[PDB]
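Two forms, one protein chain; structure tokens for each follow separately as structure 1 and structure 2.
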Structure 1
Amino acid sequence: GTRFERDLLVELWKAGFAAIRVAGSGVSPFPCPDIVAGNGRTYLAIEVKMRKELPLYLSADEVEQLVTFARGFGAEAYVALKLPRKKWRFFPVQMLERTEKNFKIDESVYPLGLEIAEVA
């Protein structure tokens, strides 16, 4: 829980990123994203999710907010997803699938996600 978020930051740090947890932006009612990270070359805006199983559903609003932040900041928008017994896995927002009104990572997308080492 708190455990796996610590694990995610420690993995990012070991991969060479300085990474911070976000408290807020002072202008929006919601804190976005969850983590921002940079290594001097690559910058990441990360929405962090844990799920007991697939699929992960994301609202259109939450994907829009993440993409808008990433564009305004100069970062790559990512979703980090933790499943039980699995390592953290990273999905560029471009990998998300659409539902009628929203977004998802289902069984067909999950295998395409990246290990932190590849993101670097």
Structure 2
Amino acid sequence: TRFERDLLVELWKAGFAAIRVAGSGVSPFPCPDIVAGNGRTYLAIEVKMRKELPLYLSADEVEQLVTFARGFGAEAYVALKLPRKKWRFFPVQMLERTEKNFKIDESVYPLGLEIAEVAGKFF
């Protein structure tokens, strides 16, 4: 949750108004960790910090994120922070489907976007 706050700062710096979601996992409704918007692009973000790859994500967590994004009208992203690395943003298409769940390993991580690119995608 310390890390969710750091990402908020980076999002605001990149031109997004962003909020952390109160009780993401503690609620009945699909929930991301952060929701952000800049008037054109809207983001539903699951926020993860790991000491090393790979990041594993359950099918359920990704399904929930995608369902929320569809209902809200936002793009679904996983934001992953590793030590000594800037935040990297993975559209859900970029997640590897494997063993009935999802993963970001060494073959996927380098393709993750920096926050500036997420904004520019619209154009």
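Numbering runs along the sequence of structure 1, starting at 1. Under this definition, the rigid core comprises the largest set of C-alpha atoms superposing within 1.5 Å between the forms. Shifts are known only where both forms have a C-alpha.
Enquirer: Quick check for you: superpose on the rigid core, then look between the two structures for a C-alpha move of 2 Å or more. Which of 84, 31, 40, 72 is it?
Expert: Going through each option, the one that shifts is 31.
Enquirer: Where the core is superposed, what shift in Å does the CA of residue 8 undergo between the two structures?
Expert: On core superposition, this C-alpha lies 1.0 Å from its counterpart.
Enquirer: Enumerate, in order of sequence, every stretch of at least three consecutive residues present in both forms where each C-alpha is displaced by 2 angstroms or more between the two structures, superposition done on the rigid core.
Expert: Runs found: 2 to 7, 24 to 31, listed by sequence.
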